[PDB]
Amino acid sequence: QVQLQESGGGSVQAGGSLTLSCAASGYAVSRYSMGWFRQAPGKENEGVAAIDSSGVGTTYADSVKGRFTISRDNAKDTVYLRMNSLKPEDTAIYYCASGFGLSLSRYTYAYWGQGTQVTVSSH
Amino acid sequence: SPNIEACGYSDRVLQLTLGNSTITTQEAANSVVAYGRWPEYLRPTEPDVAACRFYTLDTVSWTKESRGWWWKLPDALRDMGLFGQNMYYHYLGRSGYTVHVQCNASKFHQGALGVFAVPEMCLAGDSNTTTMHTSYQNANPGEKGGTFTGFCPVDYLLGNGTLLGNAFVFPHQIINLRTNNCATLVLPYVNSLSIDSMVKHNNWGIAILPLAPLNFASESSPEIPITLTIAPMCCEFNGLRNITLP
Amino acid sequence: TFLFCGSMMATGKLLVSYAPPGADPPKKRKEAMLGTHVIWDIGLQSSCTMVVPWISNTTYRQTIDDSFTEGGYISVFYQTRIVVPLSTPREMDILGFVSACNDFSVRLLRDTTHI
Amino acid sequence: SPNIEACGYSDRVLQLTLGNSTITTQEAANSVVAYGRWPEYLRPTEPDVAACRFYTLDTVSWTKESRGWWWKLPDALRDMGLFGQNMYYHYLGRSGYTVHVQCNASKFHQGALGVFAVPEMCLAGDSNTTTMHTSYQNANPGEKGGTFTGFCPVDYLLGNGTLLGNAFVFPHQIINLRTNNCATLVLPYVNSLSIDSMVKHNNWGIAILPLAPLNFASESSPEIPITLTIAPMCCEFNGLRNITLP
Amino acid sequence: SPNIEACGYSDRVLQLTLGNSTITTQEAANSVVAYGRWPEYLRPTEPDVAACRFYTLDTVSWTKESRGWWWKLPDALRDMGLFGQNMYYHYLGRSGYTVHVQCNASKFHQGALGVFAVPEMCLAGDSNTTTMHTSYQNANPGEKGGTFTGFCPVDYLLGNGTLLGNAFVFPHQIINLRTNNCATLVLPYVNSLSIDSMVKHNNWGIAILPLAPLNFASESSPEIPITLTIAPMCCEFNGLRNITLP
């Protein structure tokens, strides 16, 4: 059974950088890609960042472009979502998924994490 | 499974006038025979047109919140003229069903209805040890029927504990708004016996759940109606008892 | 088999693509376009049927995860785009179906039942 | 010139499956043969289905501001599988083209597209003394193509210095929204030679300009997409050179 | 085993011109069919001359110190035009081989080459429990090939742990300097399957080791060259995948 442990969540500040990670069990991370999907309170399944382990070819969503950084580790079978310069709109319960690969689409994936809640706290 | 594409609009209005009834079907063609069998006679009193004619159940509103609907046979048609009578005056009874489900909308509405006929459709209550459980009356909601939910039949569990996606094993048709307006399901008698008692045992089970949501253009009709016309086919009953008039 | 469930009036075209075993997942239309693909028109016919053939190394394939015998990819792209008239809801859905053929066979009876 | 009136709606969906491709044309009938000639063989290596199959270029948005669009052959299809290869591996090459331009809208959109195939379509730059002028790369915008304007091709001057109204001398069809959804243009090989070098010389030139503006009912789709499917017909090339693999 | 005595010198120069290639064989006669079977078609896309033509690998120097040389099929011919392509674009692929090994010297040089074609020739690493072991890249030295030693294949152990003297069980011919100048080995497809994946599995293995040392008269050519011409026979591949151009 393939397991993805969504780790790196919490309530940081507006502009407060927060990295994310997922331990990929059950398969060779290279055969798959890996991405991120956020969903705001009562909203929809929306994409953020995803890259393929083999080609390491980046792809971000238009609204998140720049501030977010995705990076894979083939040694520890983990992904690193460097959500830097956060904004009050980035307050959406995140999720990670291994892809076939490769890009941020509707669903287009299969293995889904439990869900980590990140809240871009602002004064 | 039902990958057909008749025409798309309307061509030919050809009415089915059996006995006293009249239907005026969208067309005639595009019908599914359950398992490839036509309702035949036991190889008895055969009423024919007397019992064999079209009866229409109550019309129900399909809405953007609807979870589904379900009925039982002969159960629903227990309050239908001669077929309602012959059901209580006999200890026996076997019958076929021409479930003709109609649903009209405009070229502006979108969605998809899957009419599923589940033979021996017992409803949700995970007590394997003690099934049937829910009272005779609840299990039998007559002509008004019962409804699925998001006696409690869960929609994705087809209201029996099995994933909806596999429902496609039972005879069915998909009333897809952009194509078909009508659904025709001929269900032959299916039970462990040659003939049985209708009052107690439910042969089939018509279950119409929404596969696609309902979306209407800007402002239009907030809801669309679905109608179920059912008819007893090649039926027989043995043997009149003190025509115990009610 | 893909069945479109949108307004009659709605039209458009999509490209259902197939990439044989061992080949990399087609991530671009152009990429997916080169291989076996069907150009399914929404405007005309509501249902597309793409029969995936028998392009396999071994006469008998693994039902398990093996690289020696790995499936391939079936993907859909926007040939054109979705065109809706008036103010009809701009988001509809598509259902998918799968089945076997007359030449489809299986072997070595095994089980997997837990408590 | 193209004063036809097939039907108006849709009748028959008849798919053109050549080689690996599949099209699913609006119908089949209503096609224009350029000058009344079918692409024939030189009276050589004939690849057939290998080279002769349907390839689809990039889809472009038609808008209330669009001035037009243009492509070059074989130029556009220079990045198309086997036809892309055979183009660079041979010093020769002659080929026909089945330019099948499709455009779908609703019974609510209005406008008119004229697909013009101009043989030997050199583009605007009034230096008669020194034509060609614009660089090889500009003159060859590949599969993404070039666009007309209100390298600079003026729309009413068909992008060559001659009044658009007379464009109707070249083979063409008018995709008039209220009638036709598809345009079929079979263009046979036209050049000063029996066979030539494809990489340098451009045979035809597909130019689609708007004859009527685009008007959409109240609020609908802000733009409609137009697609160009091109196919090489009865093609031959001589003779493989050190299959100089890239 | 190969106790033949054609003539001794040269008689007839009869060239093998298949497709684009040309060989000009020493003669034609004196060839060994591996096990008495000709490369046949599976009882698929059959390219014939396109794929079926002569390709020449890199020439290697034979010296008084040489221990031997080895190659893998289709491996070596993985960088050969159309056969190189068809190998990566398909998931399948079966093929025969006409290994035509030529070696020219004078009436003054002496020695003996034994061309051994070992079906399923795995190389030395005495881990029975875990074979394959040596990396994909080492195991596959392409068209330049690998060499035996006095990844480490021991000559007297044929590079697999079995005494060279028994190598004579596999199909072979002895290029004995005083007699034959050419070696012709037709190897039909041998594997556990009807068809398989060429990229991963190595069918045959051409291994040329020296049975006699090289001795040259006084002062002459310090070394003599050996050439390996290989050709794919009656080959088929299924089925083109997104012609994933590199």
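Annotations
Order of writing sets the chain letters: A, B, C, D and E. Residues in each chain are counted from 1.
Everything below uses one rule, namely that a residue touches a chain if its C-beta (ideal position, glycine included) is under 8 Å from a C-beta of that chain, and two chains touch if they have at least 3 such contacts.
Central chain assignment: C. Criterion: smallest distance from chain C-alpha mean to the mean of all protein C-alpha atoms.
The most distant chain from subunit B, with centres taken as the mean of CA atoms, is E.
One inter-chain figure worth recording: subunit A and subunit E are separated by 52 Å, centre to centre, where each centre is the mean of the chain's CA atoms.
Averaging C-alpha coordinates per chain places the centre of subunit B 32 Å away from that of subunit C.
Subunit A and subunit D, compared by their mean Cα positions, are separated by 43 Å.
Residue positions of subunit A touching 2 or more other chains: there are none.
Of all residues in subunit C, those that touch two or more other chains are 9, 34-36, 45, 86-87. Chain contacts: subunit D has residues 10, 20, 81 touching two or more partner chains.
Pairwise, the chains that touch each other are A-C, B-C, C-D, C-E, D-E. Listed in rising order, the residues of subunit C touching subunit D in the complex are 9, 11-13, 33-41, 43-45, 79-87.
By the touch criterion given at the top, residues 20, 81-82, 240, 243, 245-246 of subunit D touch subunit E in their complex.
Within the complex formed with subunit C, the residues of subunit B that make contact are 1, 3-5, 8, 107-112, 168, 174, 176-179, 211-213, 215-218.
Looking at the complex, you find that subunit C touches subunit A at residues 25, 27, 65, 67, 73.
The touching residues of subunit D, counted against subunit C in their complex, run 10, 13, 20-24, 26, 55-56, 59, 81, 102, 104-109, 181, 217-221, 224-225, 227.
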